[PDB]
Amino acid sequence: XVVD
Amino acid sequence: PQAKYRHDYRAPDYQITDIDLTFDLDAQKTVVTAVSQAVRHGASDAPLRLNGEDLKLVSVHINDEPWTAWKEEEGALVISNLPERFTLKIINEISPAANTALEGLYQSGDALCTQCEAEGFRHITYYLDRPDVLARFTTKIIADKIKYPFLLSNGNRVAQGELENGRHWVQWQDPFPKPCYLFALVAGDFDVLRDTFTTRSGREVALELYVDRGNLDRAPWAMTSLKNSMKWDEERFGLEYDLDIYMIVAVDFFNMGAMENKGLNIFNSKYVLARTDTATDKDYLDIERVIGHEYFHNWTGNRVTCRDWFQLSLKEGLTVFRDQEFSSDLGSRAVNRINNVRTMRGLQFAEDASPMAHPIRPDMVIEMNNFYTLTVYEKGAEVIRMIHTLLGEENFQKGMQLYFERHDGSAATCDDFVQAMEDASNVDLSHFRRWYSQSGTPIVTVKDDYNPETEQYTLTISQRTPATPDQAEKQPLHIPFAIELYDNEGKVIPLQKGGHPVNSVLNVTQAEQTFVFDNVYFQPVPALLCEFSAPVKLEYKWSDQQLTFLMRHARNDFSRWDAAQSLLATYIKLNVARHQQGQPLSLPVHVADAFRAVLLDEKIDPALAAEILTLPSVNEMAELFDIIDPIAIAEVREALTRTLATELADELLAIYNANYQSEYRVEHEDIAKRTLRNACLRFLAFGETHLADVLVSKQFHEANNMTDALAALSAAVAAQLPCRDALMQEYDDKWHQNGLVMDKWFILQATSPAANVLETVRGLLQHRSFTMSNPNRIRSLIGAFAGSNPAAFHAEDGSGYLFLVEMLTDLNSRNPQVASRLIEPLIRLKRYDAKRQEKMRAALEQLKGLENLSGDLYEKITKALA
Ligand code: NA
Ligand code: NA
Ligand code: NA
Ligand SMILES: [Zn+2]
């Protein structure tokens, strides 16, 4: 994952 | 919906070693055929439990025999009476067009694409959807040639054909076993930027960046960052890419920022597309950091994956540390450390005292997509960095090498990683492991004493971590606690005891401990917790003069910034208390003077000066207080800005003009100067109104780049300048057809200090550039309002809460992952005053009552209401  | 627990981990009863997938793709109805080779490791009477969600099963065969010994339960297909080795064939149907959750296989515009992490593959077919099961995939895709001319999956194109009725197929193969969270598939029409990179041992890698038709102009920065990423990993970590092709696909509709699917990363188009007229310096640096981040996971995530999801930090914390070191080596180390520390103290600390608090290795999880957190990521990285601080670079690299040597090709645990670092370095990290199991932010309290008779300086350091909502028991940690001692000329005093040097990283391992230093020939000014050496709250009784002295003499630029933050902190608190009493801002002349000196110092790196002149955000300000008064904080940031504007107007203006740059370059010195210039502009916007309005309107219209245009537009909104509405109208008129560019404008609307901001936000739900179907638009309007306009979100009438409830009532059904990110502001109710807390509690109670409450929200709401 980058989430936002 | 029930919690899973880390201590319940058990090895699987079955493994899958190979999976051959075929997708007959269509947006309404996709037929999936999955042939898996499986091996039983547990007992004959134990059944194979395959996860699956919203799948229509067509058939089940075991070695080509139609199977009668199975049943479907909630979220599973349970198959009994299996031999030790067999081939499982499943055929099932799914519906991408109906997938508004954007988990599994879905539509992004006219493209079809996947998101499988954490537990999305089970929305595609029945599988062992857990990351300790690793298999070799081959993927065949069949689709309409005109709608879907590019058919992509992980690895290399090994076969292809044309069929009747305008269809074609392509088959892919990826030789590296992987967990299914790392499967990807993309089908669409794209422009493709093609380039190559030659690794240091000579492997030529084809690089392919897929973007929507028309956007090839916004792609070369991302390609350049990708190459820079590959090169840095070689130079710093000794790691090379291990495949023939590296594909990245930019999609507009994505719940996430980016995803490291092996050899086929899928990225949010905000972390790919950049042009000087659409993207700020900050967007360029982000693209660089995110491209690098996903690239770094190729080793730290893919070649060594996670044994189970409670081990998420093993990859995300270590990979964050990597992307921070990358950004820091290529750019300004000090600026990077500064901003990462801003995030830690201002957002991650808030989390670690909230109902959602958890250790970086969680013990309990209900919805695993809720645990891609500030804690797992940023504190995760700080924990890696502490290991680095204790071992030094050389030993750290040895531990990295041993980690890979042991675990390459398998799924590991946090404890595996610590163990390698320990065994490779011979540093004992037994006690250190408690950073993985203990949540909350330690408080480290320091007292000192100078003894002029013996020339000894004594530090008495104590620690404690308060109880958190998730853990009642806390113990001391192994806190690496870096210090420097400065003499009256600004020089470092050698650390020593009994005629022997002493390491300047102190091992604070007890509740209370004294360290004594000798030959301390003058009373020192200390720099404590240097470079934020551990992720802790420091309590030390600084004087103003000690802090200003550090601003002037500290060796590391981070410490100069940090001193200035400690200097301000005292006055932020002062003035918030004042604001509650109806009093105006009070600030000592000598504090203003310290900032004047930074503005006028000609030796200071401009990048440093800019950060010292960027006030702590409302979130960083908020962590200085036990009970948060968001209106007082917002108003105090504004007033402190207005007061430095007035006290420093002439210096601000001069520094603004001196830093003018005619050429726009995405280069670190230029970015530093620009950042300082716009920092001065920010202050100037809050000074004399007519000058303000002139400077800001002029910069907006003359800007040759989006950094400078947005800094102006943003100051016009923040200071409520006369030119504001016209500039906002212009930006919309020019940029409405461009979602990513409009995101910035939505953020500005949402974070406006205007009294009617909520009304404006409600109306923008109908704006031509807005849609609830797009996670970016949603994050930029609604998320920004709730998360980054705390003054308006926490209006005393509770209007902010009611608005968020209304948006979440939609998103809970539409896209629970997004809903869950958006609810975070409401779950911090315990930090507010009683009356706000009552209203937030009623809001949470209303959401708790929703029909078909998603697990994602349920987890957070029930913790919040406990
Ligand atoms: Na396997
Ligand atoms: Na650097
Ligand atoms: Na003292
Ligand atoms: Zn990541």
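Order of appearance sets the numbers: ligands from 1, and atoms from 1 within every ligand. So that the names make sense, note that chain A is the first sequence line, chain B the second, and so on, each numbered from 1. These numbers come from the heavy atoms of this one structure, side chains and all, not from hydrogens, waters or symmetry mates.
- Put simply, B/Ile16 gets within reach of the Na ion (ligand 1), with an N, O or S atom under 3.0 Å from it.
- Cation-pi check for B/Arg303 over B/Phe404 is not met; the charged atom does not lie both under 6.0 angstrom from the ring centroid and within 45 degrees of its normal.
- Within a 6.0 Å sphere centred on NZ of B/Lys497, other residues, nucleotides and ligands contribute more than 12 heavy atoms.
- Distances under 3.0 Å from the Na ion (ligand 3) pick out the protein N/O/S atoms B/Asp448 O, B/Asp448 OD1.
- Under a 4.0 Å N-O distance rule, the pair A/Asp4/B/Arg779 qualifies as a salt bridge.
- Taking 3.0 Å as the criterion, B/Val39 does not count as a coordinating residue of the Na ion (ligand 1), since none of its N, O or S atoms falls below it.
- Under a cutoff of 6.0 Å and an axis angle of 45°, B/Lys491 and B/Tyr486 do not form a cation-pi pair.
- Remark: B/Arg85 CZ is loosely packed, at most 12 non-hydrogen atoms of other residues, nucleotides or ligands lying under 6.0 Å away.
- Taken from CD in B/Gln15 to OG in B/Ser36, the straight-line distance is 11.5 Å, to the nearest 0.5 Å.
- Looking at residues two or more places apart in sequence or on another chain, you find no ring pair (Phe, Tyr, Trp, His ring centres under 6.0 Å) involving B/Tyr450.
- Remark: B/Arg307 is positioned above the aromatic ring of B/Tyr9, its terminal NZ or CZ atom under 6.0 angstrom from the ring centre and at most 45 degrees off the axis.
- Under 2.8 Å from the Zn ion (ligand 4) lies an N/O/S atom of B/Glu316, whether from backbone or side chain.
- Looking at B/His293, its N, O or S atom nearest to the Zn ion (ligand 4) turns out to be NE2.
- A 6.0 Å sphere centred on CD of B/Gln545 holds no more than 12 heavy atoms belonging to other residues, nucleotides or ligands.
- Geometry note: the Na ion (ligand 1) is the vertex, B/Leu134 O and B/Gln15 OE1 are the arms, and the angle is 140° (rounded to 10 degrees).
- Using a cut-off of 3.0 Å, one finds that B/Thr17 contributes no N/O/S atom close to the Na ion (ligand 1).
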